[PDB]
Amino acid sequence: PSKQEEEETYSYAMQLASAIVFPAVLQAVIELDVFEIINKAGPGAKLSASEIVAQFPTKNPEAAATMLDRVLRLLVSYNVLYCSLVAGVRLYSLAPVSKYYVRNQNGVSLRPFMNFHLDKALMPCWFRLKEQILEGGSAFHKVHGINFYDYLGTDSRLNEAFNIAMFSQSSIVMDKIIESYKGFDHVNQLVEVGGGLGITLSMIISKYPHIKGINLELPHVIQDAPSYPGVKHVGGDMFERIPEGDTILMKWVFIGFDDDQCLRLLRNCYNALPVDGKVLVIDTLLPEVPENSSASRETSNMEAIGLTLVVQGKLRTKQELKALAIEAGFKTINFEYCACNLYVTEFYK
């Protein structure tokens, strides 16, 4: 239908045939510090490819500038950069989505998050999904012979790379969640299970300094975590024991586990909480239907990552989460959307 629409469909089909190049181009530009260079130049700066290349460690800036101008035009057509023309020369500025890959005040961005999925330890795993669907099991396990968190405890390089990737995504999002979710008035001893390096707790204690915090984590994660104020790092296993407190918190944890792991975990929360304790679960809820939206696209990608790394896991619906709580001991359950495609799921005991 329609010649305009039929041409758009042909081009999208061609776009899909070579969509492997977009991650490769995005990573190369980002890791050439191009977004840092445009950003440092000042608020709303517009820099030519020749200007940007002046700051590269290159012995042939002529070739680099002609090469770079091609991939910067690519990022413009994918809405990552803006373009302005001054005498037939193209001047590029940061578009909204690029600011998530510019280092902020502390030097944090989504860069180590994107670079984790492009790691040499993970790249061959994405492309064994056909074998995984047909033969069951896990792509990550097919490639490495050990499951995901188990493998991390054997490779410090990838453990560290994963940890910075979680750390970076957490810092970027918790500022918007903390501003959305006003539910720490009745928190005094917060316990975060599978909290990574510790930044989620630290940022809650920074806005709510009455809170003391415990970070329950596997020991290979907490090995050299920073010594945040009011944060105690505890090395154990949330399927064995959870330290005692009045509130338990879980971000990007519940989605990694099957129903039987999830119930053993919520019963350990129940036993660690007091008669009025509560559990907080920060996660995306499973959408009832996929759709053509970047939220839906973000969610599906996460689903695909989960399939590849921890097949056991799943994104769950409201009804799936409520029933898991009730069987574990909890009485009340609430769902509060807290921005960034994320909910806070409250299991009141």
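A residue's number is simply how far along the shown sequence it sits, counting from 1.
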message: So, looking at the entry's B-factor column for Cα atoms, which has the higher mean, 15-23 or 322-330?
response: 322-330
- request: Report the stretch with the higher mean CA temperature factor, choosing between 231-239 and 248-256 on the basis of the entry.
  value: 231-239
query: So among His186, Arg73, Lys207, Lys278, who wins on Cα B-factor in the entry?
result: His186
task: Would you mind finding, among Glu160, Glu135, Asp119, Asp150, the residue with the largest C-alpha temperature factor in the entry?
output: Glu135
query: C-alpha B factor of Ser168, ranked within the chain: lowest, middle or highest third?
result: lowest
field: Lowest, middle or highest third - CA B-factor, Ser180
entry: highest
message: When the deposited Cα B-factors of this chain's modelled residues are ordered and cut into thirds, is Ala28 in the lowest, the middle or the highest one?
response: middle
field: Chain-relative CA temperature factor third for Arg103
entry: middle
- request: Divide the modelled residues of the chain into thirds by Cα B-factor and specify which third, lowest, middle or highest, holds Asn39.
  value: lowest
